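A single chain, nothing else alongside it, follows as structure tokens in the form deposited in one PDB entry.
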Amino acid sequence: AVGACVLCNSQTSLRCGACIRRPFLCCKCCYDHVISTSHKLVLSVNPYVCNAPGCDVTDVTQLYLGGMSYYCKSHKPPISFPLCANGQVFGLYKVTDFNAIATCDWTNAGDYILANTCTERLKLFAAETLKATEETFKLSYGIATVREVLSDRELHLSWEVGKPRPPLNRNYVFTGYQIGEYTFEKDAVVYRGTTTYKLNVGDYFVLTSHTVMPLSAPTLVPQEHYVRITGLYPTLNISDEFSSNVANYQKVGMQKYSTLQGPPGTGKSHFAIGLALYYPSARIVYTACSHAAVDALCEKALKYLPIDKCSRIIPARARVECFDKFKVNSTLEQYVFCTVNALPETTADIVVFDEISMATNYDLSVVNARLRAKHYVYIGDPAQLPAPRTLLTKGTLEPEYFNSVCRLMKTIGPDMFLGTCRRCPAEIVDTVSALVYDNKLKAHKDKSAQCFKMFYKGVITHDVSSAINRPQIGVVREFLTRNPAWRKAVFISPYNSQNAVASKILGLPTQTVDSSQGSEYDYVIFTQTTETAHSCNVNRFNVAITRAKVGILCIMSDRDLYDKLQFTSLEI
């Protein structure tokens, strides 16, 4: 009940009651909040409510101090002072953007813009508020009960009447009932249990609505620039393999934190693992939001770093399968690879946070609270995909608003930029270079002459809202018969339901653009499926076409993106 003001830090007994996160607001700030918002409940040791029996006056503007107690205009004694006067709310120890964060529903992009352009304490207030809103919205959905079990990989579900049905995709990870987390993909649906259990009729599934903890640490610590490398001890026998990053690894030791923008295949994990070879005695904690991102850092470390000094931290609630070669849960090993939510409370010489476009400010703050490091390195690319914002339905979230790190990379530029793409045929590198990298990304590979584009709108059908284009898949089938080398291609599309249809018709492994991020394949077959803002998103398009090492086939719906593709056009 006695704390610090979330806007000006002045100590106060006042907490805003109408705020879902109940922030401490000082006398000047509590007033400016209650007089310009629907928020009128003020909390202290005792709430600011009328003390007269059976009275329901809770608005702080309609209340007064009757000596030591509180009363409305109808119950106050003659010697009563209003709680709201001269720009203050009465309390102990006697903002436009705070109001908007406190009262928004988080469905508009302008809400997220504000949550990243505001002061540092308001970024934390915005991040807990948003995460709390996102969790309380999980309750709004209806329960799914197993009505019948067809086989080991297929079932038929029964939904709650009156409550909406959450969108069916691998993004929504449910909690079965405690029979394990379960995921669903499309009247016969496919059931995916993270824990092997013989599907029971009658058992139900409910969302993993986890409690939102308060944020204490900033999203970014205050920046420190040094005259020499601090607390880190460099090598001189630094492997030629990593010689290109020597000036960048020194930049890492002469700053508290540093940002690395690495377009696809420019050497991000090679840079991250190479930083351990450059500072060979340094204890490095490698973190990222996803298990796949942490596993990709584990794979690179398995090749360059000693396996006995490595440890893959796995949370006791082992959700899905991850890296199995390091000693598990040995928190004290020199190299610790761990997802953000599983991080222990520890210190490090360097903390490497990879896939930074996928971090929220909540993730940025959590990392600063569990890890106290001499140096922090944020690696990623604001031209790649951000973390999905389940509440956001109106407006588009631009890269400078993904998180604090992305905001910096897009405004003042990144500290370091990996300028040479070594993965993709030059047709792809030149296309994304002009599209999202202002012509600063260079191709190492030659043009493969295996990058094709076809302008074919097809027919758009829908599985609730996830889209399907059977004619675009038919064009891919006609292409495969004529180009059998493409039999080893990964089918990619912006929609789960397009992927499910293509898996049955084509037999190729499938992946959504969002799940393909960080992965690479020799051949990629992309079908745009629709002309929505989702399928036309330049960051999603960039990720989609930069998955290919050798060739790509793009069946496009949008004239704009089709025209921007520096690929050989196919006919029919």
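Note that residue numbering follows the sequence shown and begins at 1. Note that the rigid core is defined as the largest set of C-alphas that superpose within 1.5 Å between two forms.
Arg317 is a gap in at least a third of the other entries compared, counting only those with both neighbours built. Gap check for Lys94 to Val95: 4 to 9 deposited residues are absent from the model.
The deposited sequence places 4 to 9 unmodelled residues between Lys186 and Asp187. Here 529-537 and 65-73 are compared by their mean Cα B-factor, and 65-73 comes out higher. Mean CA B-factor, 470-478 versus 119-127: the higher value falls on 119-127.
In the PDB entry, the Cα temperature factor peaks, among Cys27, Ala52, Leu506, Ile545, at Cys27. Within the group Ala144, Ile492, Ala276, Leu392, the record's highest C-alpha temperature factor is found at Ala144.
Ranked by C-alpha B-factor against the other modelled residues of its chain, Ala1 falls in the highest third. In this PDB entry, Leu215 carries a Cα temperature factor that places it within the middle third of its chain's modelled residues. In the PDB entry, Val45 places in the highest third of its chain by CA B-factor. For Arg228, the recorded CA temperature factor ranks within the highest third of the chain's modelled residues. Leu553 sits in the lowest third of its chain by CA B factor, as recorded in the PDB entry.
What comes next is about the form deposited in another entry, which does not appear here.
Relative to the superposed core, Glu520 undergoes a Cα shift smaller than 2 Å between the shown form and the other one.
With the core superposed, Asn329 shows a C-alpha displacement of at least 2 Å between the shown form and the other one.
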